[PDB]
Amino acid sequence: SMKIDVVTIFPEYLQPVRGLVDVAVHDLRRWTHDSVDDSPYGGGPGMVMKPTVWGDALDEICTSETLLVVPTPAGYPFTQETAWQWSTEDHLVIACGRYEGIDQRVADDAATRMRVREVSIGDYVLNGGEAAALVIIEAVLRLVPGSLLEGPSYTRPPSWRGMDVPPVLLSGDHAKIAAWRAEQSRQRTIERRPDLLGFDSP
């Protein structure tokens, strides 16, 4: 049983999300009183989301049991292990930033009352936290109760455009098939992700 709350200034972006799990999307601007962003102290390009609005939003939504998830390019890596870890949480709150990010004090303040996880979903830059939220939600929820690269998969027909399914997969020999698949996995891993087997990246 999991509750997921997503906070964003673009709630519409989260529509792709659609009894053992409930997911709610909140418009951050609901906690304003008049602008959610301003220029950075110390200078630099772009804008930073003000801590004040976030503090009030999170005050209302989070408890001490909450795991606060903050997507950011500068985060710890979100991996499959992370997904397994979070899959048994009662309450995830995902704080989606925009512009150049969120004032650091939001996470620091929250960390005094709850567990906080700043995470990156990969080494590329998004325009905001929303797409990362969608990725995180999908990877976690598919694990809720209720390494190596996988090799190629095939289905019917056995011959297509003059391209044959590898004959071993048609042979019915479970041992020879398990062996071939293991080999295909290790070969693909060497080629595409040598780091997974402890080798230098290309």
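Superpose the two forms; the largest set of C-alphas matching within 1.5 Å is the rigid core. Residue positions are given as counts along the sequence shown, with the first one as 1.
Annotation: of the segments 8 to 16 and 21 to 29, 8 to 16 departs further from this form in 8 other deposited structures of this protein (C-alpha atoms, root mean square over structures and residues, core superposition). A fit on the rigid core, followed by a root mean square over CA positions in 8 other deposited structures of this protein, ranks 111 to 119 against 96 to 104 and picks 96 to 104 as the more shifted one. Counting the deposited residues that fall between residue 45 and residue 46 and carry no coordinates gives zero. Going from residue 18 to residue 19, you skip over 10 or more residues of the deposited sequence that the entry leaves unmodelled. With 72 to 80 and 108 to 116 compared on mean CA B-factor from the PDB entry, the stretch scoring higher is 108 to 116. In this entry, 167 to 175 has the higher mean Cα B-factor, the comparison being between 147 to 155 and 167 to 175.
When the modelled residues of the chain are ordered by their C-alpha B factor, residue 2 lands in the highest third. When the modelled residues of the chain are ordered by C-alpha B-factor, residue 133 sits in the lowest third.
Residue 32 sits in the highest third of its chain by CA B factor, as recorded in the PDB entry.
Ranked within its chain, residue 193 lands in the lowest third, by CA B factor from the PDB record. Residue 57: CA B factor in the highest third of modelled residues in this chain (values from the PDB entry).
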